[PDB]
Each structure stands twice: as structure tokens, then as C-alpha cells.
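**Student:** One structure, pasted below without further comment.
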Amino acid sequence: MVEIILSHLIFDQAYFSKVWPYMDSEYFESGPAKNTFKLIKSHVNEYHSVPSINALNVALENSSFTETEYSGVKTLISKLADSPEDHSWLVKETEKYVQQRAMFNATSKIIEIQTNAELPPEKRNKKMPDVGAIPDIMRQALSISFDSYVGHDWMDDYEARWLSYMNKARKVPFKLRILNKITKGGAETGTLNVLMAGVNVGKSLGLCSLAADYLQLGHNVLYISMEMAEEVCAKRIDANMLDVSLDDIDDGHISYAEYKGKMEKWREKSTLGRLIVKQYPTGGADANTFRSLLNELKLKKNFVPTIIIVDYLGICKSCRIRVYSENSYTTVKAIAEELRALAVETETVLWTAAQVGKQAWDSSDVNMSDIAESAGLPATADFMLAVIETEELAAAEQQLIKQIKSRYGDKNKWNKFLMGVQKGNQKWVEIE
Amino acid sequence: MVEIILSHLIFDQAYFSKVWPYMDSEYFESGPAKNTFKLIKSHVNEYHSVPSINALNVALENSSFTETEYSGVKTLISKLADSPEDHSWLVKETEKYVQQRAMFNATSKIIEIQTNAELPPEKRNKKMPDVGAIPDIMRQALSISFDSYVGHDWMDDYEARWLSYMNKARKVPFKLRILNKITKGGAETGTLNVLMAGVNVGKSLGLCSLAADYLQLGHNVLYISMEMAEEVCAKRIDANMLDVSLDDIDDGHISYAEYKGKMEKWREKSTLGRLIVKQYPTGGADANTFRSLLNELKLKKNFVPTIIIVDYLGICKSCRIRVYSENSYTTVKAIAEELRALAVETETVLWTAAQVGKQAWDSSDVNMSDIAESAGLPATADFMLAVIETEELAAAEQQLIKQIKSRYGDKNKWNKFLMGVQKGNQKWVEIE
Amino acid sequence: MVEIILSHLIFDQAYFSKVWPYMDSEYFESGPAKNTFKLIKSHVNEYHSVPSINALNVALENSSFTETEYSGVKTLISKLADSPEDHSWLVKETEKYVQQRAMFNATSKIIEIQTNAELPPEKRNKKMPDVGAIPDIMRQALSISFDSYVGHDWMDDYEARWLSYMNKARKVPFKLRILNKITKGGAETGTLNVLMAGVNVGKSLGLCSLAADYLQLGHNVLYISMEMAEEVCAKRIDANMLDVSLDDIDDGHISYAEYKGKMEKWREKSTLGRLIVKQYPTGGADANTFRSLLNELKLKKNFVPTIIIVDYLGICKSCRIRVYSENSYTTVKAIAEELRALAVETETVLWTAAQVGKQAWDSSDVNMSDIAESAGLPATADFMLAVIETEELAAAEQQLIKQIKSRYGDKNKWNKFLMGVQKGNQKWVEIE
Amino acid sequence: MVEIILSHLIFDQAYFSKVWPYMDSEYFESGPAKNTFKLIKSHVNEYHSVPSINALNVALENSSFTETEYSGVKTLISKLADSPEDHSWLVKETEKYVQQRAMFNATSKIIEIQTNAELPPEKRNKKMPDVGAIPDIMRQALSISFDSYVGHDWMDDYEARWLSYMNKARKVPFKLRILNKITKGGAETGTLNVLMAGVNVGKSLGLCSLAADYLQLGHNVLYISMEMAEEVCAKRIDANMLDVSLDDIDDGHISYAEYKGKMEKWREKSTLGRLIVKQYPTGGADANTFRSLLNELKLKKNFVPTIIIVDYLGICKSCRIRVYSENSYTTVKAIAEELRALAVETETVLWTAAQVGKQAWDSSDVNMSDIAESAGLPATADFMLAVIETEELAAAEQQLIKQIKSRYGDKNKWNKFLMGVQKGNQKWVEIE
Amino acid sequence: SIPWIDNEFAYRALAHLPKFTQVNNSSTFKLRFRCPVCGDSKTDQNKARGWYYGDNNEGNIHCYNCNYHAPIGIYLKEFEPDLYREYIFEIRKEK
DNA sequence: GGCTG
DNA sequence: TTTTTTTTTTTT
Ligand SMILES: Nc1ncnc2c1ncn2[C@@H]1O[C@H](COP(=O)(O)OP(=O)(O)OP(O)(O)=S)[C@@H](O)[C@H]1O
Ligand SMILES: Nc1ncnc2c1ncn2[C@@H]1O[C@H](COP(=O)(O)OP(=O)(O)OP(O)(O)=S)[C@@H](O)[C@H]1O
Ligand SMILES: Nc1ncnc2c1ncn2[C@@H]1O[C@H](COP(=O)(O)OP(=O)(O)OP(O)(O)=S)[C@@H](O)[C@H]1O
Ligand SMILES: [Mg+2]
Ligand SMILES: [Mg+2]
Ligand SMILES: [Mg+2]
């Protein structure tokens, strides 16, 4: 019903006020319709008013159109008329038409993406999204509607604000009380949490400490390690939970009898979850691979995680961008968005560990202008912490957390606090 | 376009009074259009009024034209309608048509001058202007504009300027008597105004107080927050407007009945504006994202603001600088310039806040030299109010407001004044 | 490649044990391929074993098909052979085929959903899902990778993990007691180890000392020089092994008799290994050249090196990135990743040097931030030691070695230790 | 015999091991002979194994070339079949075929370069090499003989190594005793030695003194000046050799009789080489230019230098990086590496000058970190000497030479000694 | 460039291509042929959308089906190397 | 029955 | 959009 839409854009005002901000040139066929809409949009952009028939016939004459295009536009303009109908069926019909056009465009785009992917390298188009980006596009098209929320309107959105006042989101508590204090009860389900740190300063130590703490609380924890072997991460967890140093395990100070006894003592406890460590090669795993892993874990082991942990965000595959196509910032932002989408879909608290820039290394204080790969990670993330064990905290067997971005509470309340990192047992103890 | 021009010369008054002095016979054609315009001009010269269709036909009957000219003029006269187009588009389009025709005539004239110049000197026309007159002729073609407004012309716009001083066309009052006293009637449109907070003063309390005061005066306020969510800023706004303490909302002392009653009482009042709160991540909002936000609000929400309040200048990002530092002077200077450019181009009062220098923190008196942003903020800021909160003032629930830069009026007239800050309701009350 | 898939399903148990878990009739075709796979699936369901050609033909006789389908199935069944192709290529190709067929089916399904949505509610089928099911449908078709391994469990696999604790075959001792002490048993196979210092401090001295120490332990050492000639580095190795001097070799203080005697005495030792020195022009080699060099070395001589020393990573040339395609942070990190991949493929200890920026060329200490090339090298590295020499140290002939990145052990247990570097002999001497 | 080569690449493991490392895509027919080999090479790079006929067919079906190319590749693959053969006839025939194809490609590229250089500029299709590297390409066409040198074995090849210590043909002695003492016999051929002084401290006086000293010791010296005329450098050499001050030549205190007598007295001495001075405009000479100069010197003037001197490397042009494309660091490092490559190619002692940073000027000490244009120059230079002059040293007619990078010996020993530079005679004298 | 040797060499290279026609007017040299890259139109076996234009400074081949556009030298280098050898030699012979 | 840049 | 060299400048 393109002709009706154009006719009521020209000859009606309430319809124009209701539907114009959502109309786009891509919703019209490449014939007379798109060119007529181009003329209307140019007139509105230049004069901030709805053009008349004379205005468009003047705009058509002052246009660089071929004979076929000129004839089609003139015929379409001649065919326009103000058919009296109701301003409740027109709006819904226009919304339906726009949604259908958006779905059609998305389908064509994903077909083109799949055709592009199968092409051999050095011939395939670049900057075109890969196959893994197909669902996201299909998520955007379904979101088209003639209702748009731009900002929070005082006196117009106050019931929702009162609900936000009275209601509080559910929280997965930590085992460290300081994190609960700075997060008002823990972390929410569909979140992307990042623990940035320098190189060789405790990115995996903190993640393994969190994994052990969550495992002792009865959660199903999935540790996806992209840099370390499964046995290494499981040895970190064992050191955390069996109270044996990594030096003792490697040197063989502990015997197999003591190890088995401690493992069985932990097994007999009812307040224990299941921790599963999966190793992927560097750059060999993405969000879709994680979803396949979750599906096989559910099907073959009856395992549904809650505390999915990714060792390093910067190593994982983009899943939306082809490898070595965009810059580090865009690729890491895409990875963060994909991981947060996975966390929201699976209702799992997702924890990761990015790397800070070379400037932040051995720096007593860090800020958001220290992230190495991408500064867009805080925007995508829901809670971001830092590690500041630079020069003298190591001698005192301590650490420091900056709280760069905390969406659960206020970052400027307990911004910097001291953590008792114990590297032999790979754990965090509190200074209290 | 000529048909529209003639029709709206015949059947309009404002268009005639606006475009008649810039209308010439040579601008139309060498056929029916020129003859019709000659008839119109002859009628308006003999009778100083716009001719009617019957009078035009009588003049055509009593005129010296051949058969083809008679047919063309009759058809064109029969093809003129009193249709109603918008005035701005009509004036702009007829101006463009006149300019194009004048340029074509001048180019043809200079080509004819050049052709006559390359002719035997014994054999040439004397009336044709010499070649040296070519640059001037084109100038007369370029000096064709229905309305000349290039800047403010002294001695030529003194009557309009006086209407600005009497009507205070630029001032926006403050709702606080002291702030109106030192600004000679409030802040001005197209300005950047900042608050300097010493140690122990919040930057968002004063901004929320100003936003509430502007809201109570009927102004559209756009509050862009960086370090806080939309709900938190709107909660500060509610605290100030509903007289409820900030902690009372979190505790639950105020019930839904009182909240809704107060909100509907405010909604009943016709002297209330609209407040739109938009949240952006730290460092993820330059003064080009604000332009997009304004465009979206105007197109979708029809919300065109008169007050724009940015939560914190330091948290913002310099679009020109591109790179982002937590506390760098070059970025603050660029951010201030970009925000003031936005205020000027949008004709809105723009408010922001900054932290004073550490020396300014310790000293109750704050010097422009004692500012974290030196030569960057006291250079791009029309007004820079300084807020001092010492122990004695806090014990008395007061803050010392000092005027550090006042483009509006004399800085030393009323430099120091005590403000009744309420930290619970986030409000500024005057002191007798 | 349906014929290959079916042939290796029937005639290969290893292929059947990794692909049958993930296989459906929708993946193959709508003609003879689907019918053949349906026969195979029916036979394996009725009898839990892979069918044979005779059994498949008997089942085809028992099953009922139309004439065309019967002929197609007979023709396809006739075309099955063992054809022992590679297992890795076969599984990768069948994974690709399954993924592409699943994507095609998902696209057709969403197109059918969209077509059914446009139908009137009376005409539309209730079995097809709504448009809201379009995204997840496209997502479940992107999570069909072939991977049955779920990973460690920490409670169901602690016996295997303890057995893995006893697998110390990855460790390679250092011949220096301090290095073994700080590495908890020496370096590990398939790791990128770096020895960084300033210009003219002894990086190649340390590399040659490590080469000699590994040679005296019976290892095969491959020294790849990027600046010096083969005979020059071999002179340093001779100075380390024969233990006379560098100048005495060039000053004639060594009589041929002594040189021959010492070389033959070292030949008589059964604890000595093999050392091959290879030189490359600056910026002309990487793992691609190194892999061909490894293959040529293995073919020409019974030499599979356990230790691979690269004179400098920076002088090396990246495989994919051109000579000056991108900046240092990229291509240097790319070369580091390629070298680590080569080391983990060959299961060899990889040693290389790194340069330090000018800021730490005359400093008593050097940090990880003082890496002249990309900071991604101290991300792919595993044991990045650092060599610091001052005037006081050079007076005592004692270079200081600082533990910069220690992945094997605790980086701060023995952070700084003094060595006994003898520059004339190109040897590192432990200090007790 | 491309079919045989491909067939034995497929059906012969022994053949593939030797021929593959050398096979390249530019050695077969551009059509299937090349398309089939590209398929095989892609399969080998993806799976590290020789593809089978089924694998080749599968890759052919998943390929994007047209119908003609597809049919040609299919026919070629169908024609591939193993035949009873012998390893030797195949390896020798393959070597002959590869050499012939390399020669054919080389001569085609030579013709293309000749027909491209004979074109008007700005239309010469840049990125094509100039005529100067016409023979070098042919030299690459002859260095393909299936006989890659694996490397040098420490124990297997030590008689050849020992017959390189008393040879001493690599070292070229100085004339000053201190320089010989610190370098333990003088500089070595195929090296890059550098003087760092600053601006107007020396650094060309030292180069001229070295040139004169080498010339007196029966050497052919090639001075290359990028910033001075051929007569200024020759005047400096005349002042050095004839023991006549530059002021005396300027002021005419030396007669033609004395000049002629001194020149003839030098000529009649047998212990004297030939010095040739060549001038190039600043930034208008590179390694290829120097090689062309060497060739034309050998042919036209039968002059074979051994002590090639370049006045300043920083003033030369890189032969690989486009001008002003990369920063100073990369460009200067590349220039120094190319100069060292030239020196090792022609087996000459290469001497050069380098500037220091602005901070090192008028300083009593110059460190290695004070190098001006690149930190890579010290890393890619065999020997560097820093020339330091203060007011006290200038008043004493002495300069302090500090050993900054001493690759021929220990720099800690004799790090700073005082030369007796005489600026009038452009000569260095010792103080011993 | 040398136009007449391009016309002579192009003809032989495009002579092998089917549907080969010599569109030679009094002032131009064009060759019509089936495109060897794509096989021209799959539906219409009698269409010859491959063209050679030798009246310009450089004789260029252009396909109107698969949008291939190349000089005659690149065409000879990529598809007829035996003809490409003599082509560049006769080019060198007269240059 | 031709058509490019 | 980050990254790294070198320089020059300026601000604190
Ligand atoms: N086997 C070990 N025994 C004792 N301490 C260890 C051992 N391995 C590592 N550590 C310590 O643990 C610290 C943190 O190491 P990681 O957990 O790997 O941090 P990291 O950020 O993951 O390092 P990356 O991934 O290489 S950037 C190191 O700095 C060491 O001090
Ligand atoms: N014609 C001359 N007569 C006398 N002394 C001279 C003459 N030319 C140069 N000198 C001296 O030689 C010193 C060093 O000369 P140079 O070798 O040209 O210095 P330089 O470092 O090569 O110059 P740049 O900046 O590198 S081009 C100067 O400082 C003068 O004292
Ligand atoms: N021929 C020699 N005789 C004695 N000492 C030497 C000799 N060559 C080098 N040295 C010493 O070796 C030290 C550093 O050796 P190098 O291996 O050259 O250091 P490096 O520059 O980091 O390694 P490179 O650049 O890859 S050769 C110097 O400071 C000298 O003291
Ligand atoms: Mg880690
Ligand atoms: Mg070095
Ligand atoms: Mg000089």
C-alpha cells in the first residue's frame, strides 16, 4: 500500500506526524515509489513541512531522473489522492507494511551474507558481516515499530520509575562480602562482568577464585579457558579448594591418598555444584561455539551453567566479524556484545578478564583510558574491575581494585579497596 | 514554476509584497509567460493593485498581440489557480528561479559581448558594452537575493536591536532572586554556563536544582547524564519537586498514593515544562552525539529544548580530540568549545559543572588561577559560578557561591553570596 | 560430497564414531541421498551396528520406493568404496557440509514463516511458528559444530588430573640451578620464551649460553641467526664449550693441536647433542620458512631439534602481514603468535630475544612496559626474563636478571638474581 | 611435464618431500596447471597433507572459477595417475623444469620492466621495479637448484670453521693504534660502523681521516657525500694527506710547486690506493644506487672498493619504503639494514655518520639513547663511536671518543679515550 | 602504445573464441566473440558479448556479460602465454 | 544488434 | 579506533 502511504503523507497531517519519523527509503520498491519518497524526504529536510503536489512536480522537473524514472514518478504523483479513511487502521496498516519490508530486507541481506561467505578468500567481499551475524540482523528487523523511546520523560514515565524504586532485581551473591557490599547483593543474571588487569598480575587468579567461590555456593560453573590447558585451570581450582599450594602439587609434597581424601570430603558435601573446564585454541572459539558447548552439556551431561567464565575476551573469535577484517576496537566490542547476548539468552552470570594497556602496567592508578584492545568494552559491560598490584602490593601479598564501571551500585563509594591475593593457593582473602 | 509564480502573484498579498520589487520581465521567457507578466506589470503600473482574472482577460482583449500570442496568453491565463502553497517554500523557490534566469541572461550577455568584440572594429554595435564590463555584469547577476540578511548591521538594525533590549529577548530567568540580580535578568541563550565545585560539593545537586527551577518556569529541559542512570537523576528531580527527601524514597516512607497525588497535582499546573533525561556511558558522548539526540527528540518526541544540562564536562568526550583522558586539559578546552558551539547553534542555555583546583579545594576563596581547568574553562564560559562548602557552612546548611567569571555583568558587583543548600531534597533556597 | 559421507559411514568405524551423533535426513538431500541415509538410519536403529552393502541392498529390497527413487538408490548404493582419505580433512569437510545444509534449511524455514505470516489468519497454518521465532531458528543452525568433548569436571576426573600432575615430560631442565629453581623444573615444550635487554647487553650471549647448556645435556639445538654469520655464532659456541676465550681464538693463542683435542674430547662424550646454526637475511623468515627448514633438516639428517633459538623476533618477518603493511603492535604480535604456534606444533622450547626502548637503555631496572616492539609479545610469551647491566655490575662482571613474565612459577619469589656473565667466554655463570 | 609433476606430488610421498619446499605457483601454466596447483597448495596449507583425488574433486566443486576453468581442472585431475618411475629421473627433470620456468618468468619480467620504464612519467604504472634491478632479478633466476643449505653443524663442520680464524682476511686494520686495540685488529668486512657526534662537532672530519688512513694503507676507498660537494671532501683529504691547513689553501699560502711536488711524492709511493669521491643530492641515493655506482665503477674505472664510506645514512633514501610513508624509526632502520646488506654483499667495510638528538648537543656526555632518528640503528650496526667535544676539549684540540656499541670487543674496556683531532688539517692523531 | 600489433595479436587470440566476427568499418577495428571467461549467456548460445576495441590508444577487451575489462596484454598474459611471449617480443622488436 | 571504462 | 616510535611544545 505504498500509494496510500504517500497519499496520506502528503494530504494528511496527523498521519504524517505519527508515521514520518519511522519511515525510511529502504521500505519502498526501487521503482517510482522510492524516488517519490526521496523527493518528499528532501523537501521535508529542506523546508520542514509536508510538500504539496505542485512542490513535488517542481522538484521532479528539477531532478536528475531518466525518462523511465521521470515518467513513473509523474504517473505516481498523478495517481495520488486523499481517500477518506480512519486514523486508526492507517497507522496499524503502515506499521505492518514497514515490518514486512524490514523482514524482507533482512532476509535478502542474510542471503547475500551466506552467498558472500562461501566465496574463496581474496575474492570475497570485505567489511560484510560473517554468517554468525545473521541472527542479530533478524533481531533488529523484528524490533521495528512506530513507537520509539528516546529518553526518560519526567511526568510521562513515572509509574515505571516508581516500580524501579520499589522493586529490586535478583542478585547471585558472591562469597566475598566486600563484593556484595560494592554490588548491593551480588551480580545479576544477564550481565557481562570484566576483571581487567595487566599481564601476569592475576587475571586468571581472580577468575579462578570467583569460580571456586561460586562452586562452593552450589552453582554450576563453566570455565572456558582460551589460553591455558584444562588441567592447569583445574589445578588452580584444586589449590583454591584443597588448601594446597601449586608448589606442593608440582613438587609432589601431597600424596595421592590425601588428595583423594580431600576430594571425597568435598564430594560428600551437599552444598557443592559442578565445575566443567573446557579449553579452546586461541582464536578458535566464539559465541556460537559456546552455545554448541552448552547444548552438548545439557544433552549429554544434564548440565546447565549459571556462572559461565571466559578466561580472556581478547583471544576469542568475533563471531560477527571475519578474522583480521576490522580493527581491535571494533572486534573486541563485537565480542563483548556477543558474549553479553549469550549471557542474557542463557540467564548466566558471565565473567571475563580483559587486558589493560602498556601504560597501565606498573601504574598505581588506572582509569577507563587504559584499556588496550577496546574502550567500548565498558559501554557493553555491566560491571568492570581492575587489578593494581604494581610494585609494593606484591611484597605485601595484596592487590587493589579500581571499580572502573559498576552498574550494580555507585563506583565512587568504595572505589579503591585492598584485596589479599594469595598466589600459592590462587585465592582472594579479605583484609578485614 | 512560472505558472505558480504568476498564479501567486495574481492570488496572494504577502507573496506579492515580498517578491514584486525583485521581479523583472526578462526573468520569465520570450513567449506566453513574458506577455502575461507584461500584462500584469502594465495593470499594476496603471492601477496600483493586483489585477483579477477578468481584468487580465479584458487587458488581453485590448492589447496588440498576434494569433499565436493571443492563444498562448489565453491558455496561460486560464491555467492559473488560487491554490494555497506554503509561503517559505514559495519565496525560496521563486528566488532560486529568478537567480537561475538572471545567471543565464548574464552569461548570454557576456558571450554576446565577446562575440561582438571579435568583429571588424569598423563593423560592430556601439550599444554593446565593452569587454571590460564583463566582470561587473556577472556581479549584477550574483547580487540578486529576495532578502539580504548577512549579520547585524549597525545603524541599519537599531530599531530591531532596541526591541531586543526592552523585551530581554535573550535572557532566561533563574527563579532565584540572587542569581537574577548578578546576571541582569538571568542567563542568555546560546551560552555555556558552568559551576565549579570545591572539595565536599556535589556537581549534580546544583544542576538538578537548576533543572527543577527551569521545569517549574515552563522550559523544556534536556538532562544528559554520564555517571548516573536516568532513574537516579529523575529521582533527584522528584526529591526537589515533590519535597520528598532522597533517602525517604529508598526507605519507603512515602507511599504510592502521596507520590501519585503530588505528580498529578504538578501535572494539573499549566506552568510546568517537560524534562527528558538521557543517559550515556562515561566518555561515550561527544558534542556530536548530543546533536543526534536533539534531532531524534525533535523528529520523534517533538521535544525541542530550551535548556540543556550536561551532568559533568570532564566525563564528556572531545569529538575533535577523539582520544579520551580521565583528567586532561586539552580535552576539557575542546569539550567546552564544542558544547558552546552546540548552545550557539541550537539557541539553548547550556549548563555543566567542573571540579575546582586542589588549592581551590583547600582555600575557601577560589581564583580563576586556582581552577583544575585553567585558560580552558575561563575562556569558553559565559558564566562560571563557584560553590564553596566549608565546615561552618555545612553545619549551617549553606554554601558560599562565588562569581569567578561573568560575561553577563560585572563580576565584582555581587561576587560572594550564601546559598541555602538542602542536600536531602537536592534544592537551593535563598537566604534573607 | 554426500557419496563420500555415506561411503565412510558404511566403511569406516572411526568416521561413524564422530559424525553419526550429529546427522539428520534433512542434511543430505530430497532424492536418493536422503533415502540412502534413511535406510542406513533404519538399519542402525533396528540393529545397533553399521550396515554392509549386501545388508543395505536387502533392506532396500524390503523397503518400498517408487521406480525413480528405487533406481536412484540402487545407483547411489553401487557407488560406495573404502577410499581411505585423511580423517582430519574428512571430519572438517563433513562439518562444513552439515553447517551449510543447516543454514540453507534454516533460511528456507524462515522464508516459509514469513510467507505464512502474510497470509490471512483463516488461511495460515498454525503449525508454522510466528515471526518471533526467526532469530533463534537461525541461531540453532549456527551451533551444529562437531564436538562431543565437554571438558574436565574436577570431581569426575580428579584421578586423571592427578595422573597428569605426574606427567613431567614437558619440562626441560636448564643446566643452571637458579633457572630451574625459578621455573619449577625448567622450561616447557611448546612455549615462547624471551630474553630481553638493551642494545649491546648480551642477548645473543645469553642465547648462545642457553644453546651450549642444552647441547651439553644431550638436546638437539637449532640456532637461527638473523644478524650474525654462521661462523661468528659458532665461534661464540666454541668459546663457551672449549672455554678459552673470544680474543684468544682471534689472537692465535689456541694451537690447532689444542682445538682438535678439545673438539675430539667433546665428540667422545655420549651426553652431547647436535647443534645446527642457520642464518637468514634481516626481515626474510618466519615459521613458514622455519617449517620448511625443519622438514629439510629432518630429511637430510637425523635431526629433530628439541630446542629452537631465534636470534631476534623483531628481525623476523610475519607470515600474513607484509613487510610494512601494518604498525609494530600488530606484525610483531603476529610473529610472536606464529612462533608460539610453531613451538607448540613441534613441541619444542622456543627461545628468542627482544629489544628494549631507549627509555631503559641506561636504567638500573627494566619493566615489562619497556618493550621496544609490540606489547603483544609480553602476552604470547611464557618466561620473559630481562637482562640489566650497570657500571657497578660490569665492574664485577655480573649482569642482573629480573623475572619479568613468569608463567611457570611465582614471578616474585626470586625477582632479581645476579649472574656471573663472562663476556670473553660468552657464558653465564651461576653465583653461589 | 606438469601432469607428471602434479601426479607425483599426489601419489608419491618421497617425491613430495624434496620437490614441494621449492614448488611455486608461478612455475606452471596460468590455467588448470596453475588452478590445480593452487587447489593442492590450499589443501596442504589447510591440512598439512597431500590431497587425494576425492579431496581435489571436492575442492574443485567448492571453487568459484568459470566453466572453462572448471572443465580444464576436471580433465587435468582425471588425467592424474601414478606411473612406475624412479626418484632420480623425476627430481632432475623437475629441477630442469623449475629452472626453465624461473628463467622464462625472469625474462618476461625483464621485458616488462624495460617496456614500462620507456614510458612518460606519471603514467609509468608505479610499484614496478626500475631498470637498475634488472640483473639482480636474473641472479634470482639462477639461484634455484633444489639444494637449499640446511645450515652449519658445530661438530660435523669444524675444520672449515677453524680455517677461518687465522685467515684474518675479514678484518681490515686501521692506522691508529687505539682503534685497532679496541677493535682487536680493526674493522671487519660486511659491517656497518657509525660515528655519532652531533652537529658541527666532527663526524665528517672523522670520516675523511678514516678515508685518508685507509688510502695510505693501500686501500681503494669510495667516499659518498650526500650533503657536500666532491671538491670539499677532496679538499679535506688534501689537507689531511699533504699536511697543509685548510686555511692555507683558502688563503693561498701554498704554491703550485709544493702542491705538485707533494702529489707526485704520494703518487710514487707504492703503499697508496685510490680514493674516489661521488656526490649525490640529499635524499637521492639508496642501496640500489650504490650498487649501480659499484657496477659502473668496476666496468668504466676498474675500481673495486673495500672501504666504502657514506657521509650520512639519515640523508639517504630507503630502496623499499616510499618516501615519507613510515616514521623516522622504521625508515632509518630500513636504510641501515639495506646498507649493511650492501656491505655484506660486496664484502666492504662500510662507514657512516649519524646525528644525535637535540638534547645531546653541548653536553659533556653522549649516551646510546641520544641517537636521533631511530633506535633501530644501534641494533643493526656492528660498531658505533660517539664523538664528544666540550669547550675544555676544544681548547685542548682534543675530542673524547666513547665506544657506544662495540661488537668487535668489550666496550667496558677503553670506553672513553681522547683523540687529538686537528680541525685545520682534518686529521685524527693519538695521544699515546 | 602500439595499436596495429594489438589488432594483429588480439585477432588470433579471439579467433579461437567461437562466434568470432570482424567488425571492421572504415575507421575502427572491433572483434566480436563469445566471452571465454564466463561462456557468455547460458540461456542464449548465440550471443557474443565479448568485444575487442583496437581503435583507441590501447586495444582493450570488454565483456558485457561478466563485466570483464582488460588490456590485450593482460588477456594474453593470463590466457595465451605462448602468444604472450611473441607479443611482448614483437613489442620490444618495434620498441 | 549493437552497447564499456 | 589503538599502537608505536621521534620530535616539539606546553602545562603544571
Ligand atoms: N605455578 C605457579 N606457582 C605459583 N605462582 C604462579 C604459578 N603460575 C603463575 N603464578 C603467579 O600467578 C600470577 C598471575 O598469573 P595469571 O593467572 O596467568 O595471570 P594472567 O593475567 O592470566 O597472565 P597472562 O594470561 O599470561 S596475561 C603470576 O604473576 C605469578 O606470580
Ligand atoms: N673549511 C674549514 N676550515 C676550518 N675548520 C673547518 C672547516 N670546515 C669545518 N671545520 C671545522 O670542522 C668542524 C666539524 O666539521 P664537519 O665535519 O663538517 O662537522 P659535521 O658534523 O660533519 O657537520 P654536519 O652537521 O654533520 S653536516 C667544525 O665545527 C669546524 O670547527
Ligand atoms: N668479539 C668479542 N670479544 C669480546 N667481547 C665481545 C665480543 N663481541 C661482543 N662482546 C661483548 O658482548 C656484549 C654483548 O654481546 P651481544 O650478543 O652483541 O649483545 P646483543 O647486541 O644484545 O646481541 P646481538 O645484537 O644479537 S649480536 C658486548 O657488550 C661486548 O662486551
Ligand atoms: Mg591467564
Ligand atoms: Mg644488539
Ligand atoms: Mg657533515
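Heads up, header says this was done by electron microscopy, 3.2 Å.
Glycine is treated like the rest: Cβ placed from N, Cα and C.
When I checked Swiss-Prot for this same protein, it listed these features:
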- B:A197, B:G198, B:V199, B:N200, B:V201, B:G202, B:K203, B:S204: ATP binding site (BINDING)
**Student:** Around B:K203 (ATP binding site), how many other C-beta atoms are within 10 angstroms of its C-beta?
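**Tutor:** I get 22 for this one.
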**Student:** Fewest other CB within 10 angstroms, which one of the binding-site residues B:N200, B:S204?
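**Tutor:** Looking at the binding-site residues B:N200, B:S204, the Cβ with the fewest others within 10 Å is that of B:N200.
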**Student:** With every protein chain in view, how many other Cβ atoms are within 10 Å of the Cβ of B:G198 (ATP binding site)?
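**Tutor:** Its Cβ shell of radius 10 Å holds 25 other Cβ atoms.
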**Student:** Counting only residues 6+ away in sequence within the same chain, which have a CB under 8 Å from the CB of B:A197 (ATP binding site)?
**Tutor:** B:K203, B:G206, B:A353, B:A354, B:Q355, B:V356, B:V387
**Student:** Please state whether DSSP places B:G202 (ATP binding site) in a helix, a strand or coil.
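**Tutor:** B:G202 (ATP binding site) sits in coil per DSSP, no helix or strand.
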**Student:** I need the most crowded of these binding-site residues: B:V199, B:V201, B:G202. Count other C-beta atoms within 10 angstroms of each C-beta and give me the top one.
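**Tutor:** Per the Cβ count, the most surrounded site is B:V201.
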**Student:** Taking DSSP three-state, what's B:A197 (ATP binding site) in: helix, strand or coil?
**Tutor:** strand
**Student:** Other residues with Cβ within 8 Å of the Cβ centroid of B:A197, B:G198, B:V199, B:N200, B:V201, B:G202, B:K203, B:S204 at the ATP site?
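**Tutor:** What remains near the Cβ centre is B:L205, B:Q355, B:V387, B:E389.
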